[PDB]
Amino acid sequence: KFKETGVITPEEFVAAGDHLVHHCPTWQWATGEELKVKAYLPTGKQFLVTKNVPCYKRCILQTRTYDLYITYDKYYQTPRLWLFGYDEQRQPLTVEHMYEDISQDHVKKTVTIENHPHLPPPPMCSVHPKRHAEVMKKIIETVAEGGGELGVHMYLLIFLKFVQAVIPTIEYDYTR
């Protein structure tokens, strides 16, 4: 299990990230800007990146690609999803265009436009982790009631599985 069911420590974040990168090689570790390196995480493992994730339709195809990031939020002790998109012509999407790929349930509730905590501007979209610990805690206890166990390594895999509801057309990898 975890040190505190629902949240995640920096070491648990590395362990869960190392398993995500192994299971889904489209995700990789990164360091980011030098002046924004955190000391409680390995300099080589500051956050997870996956690039050129296809997005074929909104919420002939007009396909759009997305860079998605998973940073660690020491405030909530949970991961935090970040995403930035491009059109077919590799041009950066405006803010209002990225909201076409965010489901109507979360456009104004759980999505903000802030700077990536490890990268320079322009700002990016971010699913707010305000309620993440409460939901992951219910999931961990559910798989335990079901006779299984949600290990530390598969925390981000299950996290990515459920945040899909926020961006149901951005086809990032977390299985197979």
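Counting begins at 1, following the sequence as shown.
Counting the unmodelled positions of the deposited sequence between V49 and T50 gives zero. Averaged over Cα atoms, the B-factor as recorded in the entry is higher for 105-113 than for the other of 105-113 and 125-133. As recorded in the PDB entry, 147-155 is the stretch of 134-142 and 147-155 with the greater mean C-alpha temperature factor. The PDB entry assigns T71 a C-alpha temperature factor belonging to the lowest third of its chain's modelled residues. Split the chain's modelled residues into thirds by C-alpha temperature factor. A39 is in the middle one. Among the modelled residues of its chain, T65 has a C-alpha B-factor that falls in the lowest third according to the deposited record. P120 sits in the highest third of its chain by CA B factor, as recorded in the PDB entry. In the PDB entry, a CA B factor belonging to the lowest third of its chain's modelled residues is recorded for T78.
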